[PDB]
Amino acid sequence: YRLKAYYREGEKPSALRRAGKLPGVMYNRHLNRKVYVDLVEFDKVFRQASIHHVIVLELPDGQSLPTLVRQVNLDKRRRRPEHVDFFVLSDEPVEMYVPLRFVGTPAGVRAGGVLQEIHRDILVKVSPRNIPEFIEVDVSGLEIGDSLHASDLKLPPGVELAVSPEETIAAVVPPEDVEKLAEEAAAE
Amino acid sequence: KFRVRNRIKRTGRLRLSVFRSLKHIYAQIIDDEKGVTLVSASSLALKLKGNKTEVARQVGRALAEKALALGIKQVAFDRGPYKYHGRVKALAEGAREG
Amino acid sequence: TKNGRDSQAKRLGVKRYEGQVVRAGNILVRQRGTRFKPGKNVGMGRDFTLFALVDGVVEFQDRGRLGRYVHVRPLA
Amino acid sequence: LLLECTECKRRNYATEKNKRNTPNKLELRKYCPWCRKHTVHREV
Amino acid sequence: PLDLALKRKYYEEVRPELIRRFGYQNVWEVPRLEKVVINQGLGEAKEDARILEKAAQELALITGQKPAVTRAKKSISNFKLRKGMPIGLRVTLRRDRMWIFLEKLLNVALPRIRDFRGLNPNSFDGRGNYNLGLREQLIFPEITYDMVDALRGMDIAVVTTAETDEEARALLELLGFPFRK
Amino acid sequence: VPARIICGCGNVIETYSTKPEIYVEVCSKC
Amino acid sequence: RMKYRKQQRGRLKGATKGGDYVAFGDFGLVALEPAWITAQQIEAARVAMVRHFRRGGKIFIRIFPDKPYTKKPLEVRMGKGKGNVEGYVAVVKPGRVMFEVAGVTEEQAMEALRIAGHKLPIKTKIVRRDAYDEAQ
RNA sequence: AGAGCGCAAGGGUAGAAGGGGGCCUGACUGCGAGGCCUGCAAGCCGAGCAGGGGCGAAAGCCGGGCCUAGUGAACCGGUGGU
RNA sequence: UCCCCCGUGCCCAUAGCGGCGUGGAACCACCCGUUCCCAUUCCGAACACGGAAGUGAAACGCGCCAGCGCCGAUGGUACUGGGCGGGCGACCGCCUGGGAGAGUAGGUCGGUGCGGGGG
Ligand SMILES: [Mg+2]
Ligand SMILES: [Mg+2]
Ligand SMILES: [Mg+2]
Ligand SMILES: [Mg+2]
Ligand SMILES: [Mg+2]
Ligand SMILES: [Mg+2]
Ligand SMILES: [Mg+2]
Ligand SMILES: [Mg+2]
Ligand SMILES: [Mg+2]
Ligand SMILES: [Mg+2]
Ligand SMILES: [Mg+2]
Ligand SMILES: [Mg+2]
Ligand SMILES: [Mg+2]
Ligand SMILES: [Mg+2]
Ligand SMILES: [Mg+2]
Ligand SMILES: [Mg+2]
Ligand SMILES: [Mg+2]
Ligand SMILES: [Mg+2]
Ligand SMILES: [Mg+2]
Ligand SMILES: [Mg+2]
Ligand SMILES: [Mg+2]
Ligand SMILES: [Mg+2]
Ligand SMILES: [Mg+2]
Ligand SMILES: [Mg+2]
Ligand SMILES: [Mg+2]
Ligand SMILES: [Mg+2]
Ligand SMILES: [Mg+2]
Ligand SMILES: [Mg+2]
Ligand SMILES: [Mg+2]
Ligand SMILES: [Mg+2]
Ligand SMILES: [Mg+2]
Ligand SMILES: [Mg+2]
Ligand SMILES: [Mg+2]
């Protein structure tokens, strides 16, 4: 998506936030510059945006930049964004957490059971052309007691998984109820 | 190993670093506390024959003659990784001979 | 209870700091082990006490791997 | 244990501590007296 | 005495049999025996230091080399042991006397064993060395019958420039080891 | 010394070891 | 459990580390005020949760009582407290995410979690997931 | 380096303070520049000088033990000495 | 001056771990042997002496990759000398000077002395 950036120098980082402008920074192997999106806006942008889809950022320099949110420091004490990391992409391969859409209802969840979903997304090395709006997960043969790892992913063309090749992706854990309110009572 | 070297350096001045190869036997006189060597009476890769012990003793008188013409006199001896006994031995041993 | 027991304070630490004149023998640092190390004109004794070996100014060396040393840079 | 060393053919003691049943019935370590210097020391 | 069958066996027989089998490029890369260690787990002679001398002097005529011992570091409370004191014989043999021990092994020691079957092939330590157990050491030549006071056991070890068990497997078969296929 | 192994079955290997009189049996020859 | 006996009280400084982001299940329950939460309080909510939504999803409890809690027995002053009557608590700064559910409807969780905060001795807000993470 | 370093804990530590050896008794006498610490009394560290020694080829190291506990003013009295 | 080797200090992992490659003229290693000096709680493995031939396989030397390790900003925050404010309280907030850790960007298969042999 696209969001209107601005340049920042001396301005009091704190005095800014009162205005509404969530300060931030764009940087990449060659670039590093002070900035500040607008909060009400960044919200909407980043609400859907997050850190999967790229965001091209417009300065009054007209320059459209090929960046995505590297990390955002939230302020503890009632969630809110403090300031924003913006990784300027170029074209060389770049690592990034691409989503995961878990599709289909497993054997587990049917006979009562639970969608445990360790990674609602995953980190993969990839070039900017490949912004794989997501990855598929054949979650359906899964059972309460069973778990699909990383080495089991529907990897789109040209994409290489950066994470360890053995991390678990999701799993199916039992539900939880009253065969565990009596037993959990006296026994312990 | 090289524990020794630490022990020597502590004393103060004028290490005689006796290195010795299977065919050779070099020898620096290093003044630490600046990282410079003063004399460098090598041996096999210098000039002298091939008999080892008699060679060492001869290279002993090497540093010897080379030294006094400068000022040295502290026998301070790096009995390096090799235990003082033979080639190394004769070495300093000749350096004492004069 | 069975507590409230303890051993009197041992008042240890760097006794002279970097860039102080010192006479010979001046205790330079009192220490739990070799938290510091001797070095130039600086001896050490049974307890690990470090002390000047000649009057002069003190300085502190960090040497990573090798540990920290203390010396007197003499002059007169 | 209280052990007080003694000089041979003379008179001079020393600070010591022998051990009880531990392997140690007689001790013969050297030292250094005032009159003259260095002479063998028996227990007693 | 620098000469024997196994002295040359390795050479005018095994040396090139290996160059064919695996094909090196340098004279040294070729797998060589160079270290035979012989060990004993004598927790038994914990008491009798006498029986310590027998396994030692016996070891002398079988290994054709002076024997050595080694007491433990953190000894088993439970099985009558505590600190530096116990006993475990050990005698590394090298050079030629190593060979003169080996010749007795695969041409005398092995052939007369209580139902010997073949050197267990799994006994290769993933890398290039071998370790195998024996019960009766009286299968050795010099050992007479009316002399042994007890069946003392032990286990030998042979270090090889071998870098893999395959390479070692071949190098022991070629010198002459009765493998259980 | 030269240790002869007159192993009982038909063979006599002149190896090296202790005592040239090495009486044996059922070696490699059988 | 382990470690050693009884432990200082300490203060509850700024909400600092005390807080973060949902990190498992769909919805979360977060602390506004600072507090020692008792095991008997956690566990009180834990049950109130399931017992509400039977054969339910998965409740993750992300606060945990490693602080042993002392208390002298109706006498006067001699030594540290016998302690432990309330046993143990969890130090919980404003913003910490205590419980979150998974495998449930928005109104299942908007209830479960609601009930729980009641069982707790503190003021709490409920949470979604928005997007807020760390990646690229 | 998570072992070991007699024993608690700690700080230190294999570029040994840890394991093993060969020779040995400096678990010396006479002293003590200068400091740490400290109300006092006490405690602590200590180069170096001399005497006569020990190990080392030697530079050198040794005035007990990796260190920090293992203790008791003064009186009165015991034993041996000049 | 320049290039390679050898001995040796300084920086203290951006030197390292692991992987591919390469150098034997010299230099060094492995190497031949155990009579002499000397040596192992057993072994010439190690120390030691005398030294054909062989070798660069191991070792080491030089390079090249970033998987581990290590180094690592900036921006922002936490905290907080000093100064204050609200509220009824556990606590919360501003002014002013200081400012992390972690995390991102990123870097990194070293830098350099003195002496010696060799073109
Ligand atoms: Mg199953
Ligand atoms: Mg990586
Ligand atoms: Mg220098
Ligand atoms: Mg008190
Ligand atoms: Mg001293
Ligand atoms: Mg000491
Ligand atoms: Mg001392
Ligand atoms: Mg090659
Ligand atoms: Mg409440
Ligand atoms: Mg000793
Ligand atoms: Mg004084
Ligand atoms: Mg004083
Ligand atoms: Mg002194
Ligand atoms: Mg003297
Ligand atoms: Mg004298
Ligand atoms: Mg000393
Ligand atoms: Mg000691
Ligand atoms: Mg009185
Ligand atoms: Mg009295
Ligand atoms: Mg009395
Ligand atoms: Mg190579
Ligand atoms: Mg080549
Ligand atoms: Mg060649
Ligand atoms: Mg001989
Ligand atoms: Mg190579
Ligand atoms: Mg380079
Ligand atoms: Mg690191
Ligand atoms: Mg790091
Ligand atoms: Mg930082
Ligand atoms: Mg940092
Ligand atoms: Mg250099
Ligand atoms: Mg260098
Ligand atoms: Mg040329």
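Residues numbered from 1 in each chain as written, not as in the entry; some residues may be left out. Chains lettered and ligands numbered in written order. Part of a larger assembly, values for the part shown. Heavy atoms only, no water.

- As summarised from the PDB record, the model derives from X-ray crystallography at a stated resolution of 3.4000 Å.

**So, the interface of chain A and chain G**
Here is step 1 of the chain: With 33 residues of chain A in contact, the opposing surface of chain G contributes 33 residues.
Here is step 2 of the chain: Roughly 2,900 Å² of surface becomes buried between chain A and chain G when both sides are summed, with 52% attributable to carbon and sulfur atoms.
Here is step 3 of the chain: Linking chain A with chain G are four salt bridges, by the criterion used here.
Here is step 4 of the chain: Notably, a salt bridge pairs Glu 184 of chain A with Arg 46 of chain G, separated by 3.1 Å at the nearest N-O pair.
Here is step 5 of the chain: On the surface where chain A and chain G come into contact, there are ten residue pairs in polar contact.
Here is step 6 of the chain: Where the side of chain A that touches chain G is concerned, the elements lending two or more residues are α2 (39–49), β5 (64–74), β6 (81–88), β7 (94–99) and β9 (114–116) of chain A.
Here is step 7 of the chain: In terms of residue count, the dominant contributor to the side of chain A that touches chain G is β5 of chain A (six residues).
Here is step 8 of the chain: Across the side of chain A that touches chain G, the residue classes break down as 16 nonpolar, three polar and 14 charged. (Contact = heavy atoms within 4.5 Å. Buried area = accessible area lost by both parts, 1.4 Å probe. Salt bridge = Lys/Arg side-chain N within 4 Å of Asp/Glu carboxyl O. Polar contact = N/O pair within 3.5 Å; in protein donor to acceptor, adjacent residues only side chain to side chain. Helix = DSSP H or I, 4+ residues; strand = E, 2+ residues; numbered from the N terminus. Nonpolar A, V, L, I, M, F, W, Y, C, P; charged D, E, K, R; others polar.)

**As for the state of the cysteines**
Here is step 1 of the chain: For the structure on display, the rule yields two disulfides over all chains.
Here is step 2 of the chain: Note on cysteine connectivity: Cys 7 of chain F is disulfide-linked to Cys 27 of chain F, with sulfurs 2.0 Å apart. Where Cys 7 of chain F bonds to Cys 27 of chain F through sulfur, the torsion about that S-S bond is close to 45°, and the disulfide is right-handed. With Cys 7 of chain F in the loop between β1 (2–5) and β2 (13–16) and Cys 27 of chain F in the segment after β3 (21–22), this residue pair connects regions lying 20 residues apart in the sequence. The pair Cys 7 of chain F / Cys 27 of chain F is uniform in exposure class, with both members buried.
Here is step 3 of the chain: The thiol of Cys 5 of chain D is not disulfide-bonded; the next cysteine sulfur, from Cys 8 of chain D, is found 10 Å away.
Here is step 4 of the chain: Free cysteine: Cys 32 of chain D, not disulfide-bonded; nearest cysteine sulfur from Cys 35 of chain D at 11 Å.
Here is step 5 of the chain: Here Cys 32 of chain D falls in the partly exposed class, since its relative accessible area comes to 33%. (Disulfide = S-S within 2.5 Å. Buried < 20%, exposed > 50% of the residue type's maximum accessible area, 1.4 Å probe, protein only.)

**Re the sheet that holds strand β3 (residues 128–134) of chain E**
All names here are of chain E.
Here is step 1 of the chain: Read from one edge to the other, the open sheet built from four strands follows the order β2-β1-β4-β3, with strand pairing classed as antiparallel. Edge positions in the sheet fall to β2 (90–93) and β3, since each of these pairs with one other strand and no more. This sheet shows a mean twist of 15° between the axes of neighbouring strands, independent of strand direction.
Here is step 2 of the chain: Bridging between strand β1 (residues 33–39) and strand β4 (residues 154–162) involves six bridges; their strand directions are antiparallel. Bridge pairing in β4 places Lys 35 opposite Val 159. (Pairing = 2+ DSSP bridges. Axes fitted to C-alpha atoms, helices over the stretch in contact; angles between N-to-C directions.)

**Describing a negative patch on the surface**
Here is step 1 of the chain: Together, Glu 136, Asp 138, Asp 152 and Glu 166 of chain A line one region of the surface with negative charge.
Here is step 2 of the chain: With respect to the helices and strands, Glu 166 of chain A occurs in the loop between β12 (160–161) and β13 (171–173). (Patch = residues over 30% accessible without salt bridge, like charges linked within 9 Å, V, L, I, M, F, W, Y side chains within 5 Å. Areas by Shrake-Rupley, 256 points an atom, 1.4 Å probe, with all protein chains shown as cover. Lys, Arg positive; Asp, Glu negative; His and termini not counted. Charge placed at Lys NZ, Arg CZ, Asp CG, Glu CD.)

**A closer look at the environment of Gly 117 of chain G**
Residue and element names in this part refer to chain G.
Here is step 1 of the chain: Within the secondary structure layout, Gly 117 lies in helix α2 (residues 106–119).
Here is step 2 of the chain: Between the alpha carbons of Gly 117 and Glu 134 there is a distance of 28 Å; along the sequence they are 17 residues apart.
Here is step 3 of the chain: Setting aside anything within four residues of it in sequence, one finds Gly 117 in contact with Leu 29, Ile 122 and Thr 124.

**Some words on the protein's contact with RNA strand H**
Here is step 1 of the chain: The full set close to RNA strand H counts 44 residues, and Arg 11, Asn 26 and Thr 34 of chain C together with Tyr 13 and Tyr 31 of chain D are the nearest of them.
Here is step 2 of the chain: Counted by atom, the contact set of RNA strand H within 4 Å of the protein is 73% sugar and phosphate.
Here is step 3 of the chain: The contact in question runs from a sugar or linking oxygen of RNA strand H to an N or O atom on the backbone of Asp 47 of chain C, over 3.5 Å.
Here is step 4 of the chain: Broken down by secondary-structure element, the contributors of at least two residues to the surface near RNA strand H are α1 (3–11) of chain B together with β3 (27–30) of chain C.
Here is step 5 of the chain: Among the elements that make up the surface near RNA strand H, the one with the highest residue count is α1 of chain B (five residues). (Near = heavy atom within 4 Å.)

**As for the packing of aromatic side chains**
Here is step 1 of the chain: Enumeration according to the criterion identifies 16 aromatic pairs over all chains in this entry.
Here is step 2 of the chain: When the centroid spacing of 5.2 Å and the interplanar angle of 25° are considered together, the rings of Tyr 6 of chain A and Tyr 36 of chain A count as stacked. Separated by 30 residues along the polypeptide, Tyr 6 of chain A in the loop between β1 (2–4) and α1 (13–19) and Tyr 36 of chain A in strand β3 (residues 31–36) bring together distant segments of the chain.
Here is step 3 of the chain: A ring pair is formed by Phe 77 of chain B and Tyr 84 of chain B, whose centres lie 6.1 Å apart and whose planes are at 90°; its orientation type is edge-to-face.
Here is step 4 of the chain: The class of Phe 77 of chain B is buried, set by a relative accessible area of 16%.
Here is step 5 of the chain: Among the residues examined, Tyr 84 of chain B registers a relative accessible area of 30% and is labelled partly exposed.
Here is step 6 of the chain: Here a set of aromatic residues connected by ring pairs shows up, and it is made of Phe 42, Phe 46 and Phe 86 of chain A together with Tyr 132 of chain G.
Here is step 7 of the chain: The ring centre of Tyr 7 of chain A lies 3.1 Å from the NZ or CZ of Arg 33 of chain A, which sits over that ring.
Here is step 8 of the chain: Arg 63 of chain C extends its terminal NZ or CZ atom over the ring of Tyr 69 of chain C, reaching a point 5.4 Å from the ring centre. (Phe/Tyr/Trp six-rings, centres within 6.5 Å; stacked < 30°, edge-to-face > 60°. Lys NZ or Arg CZ within 6 Å of the ring centre and 35° of its normal.)

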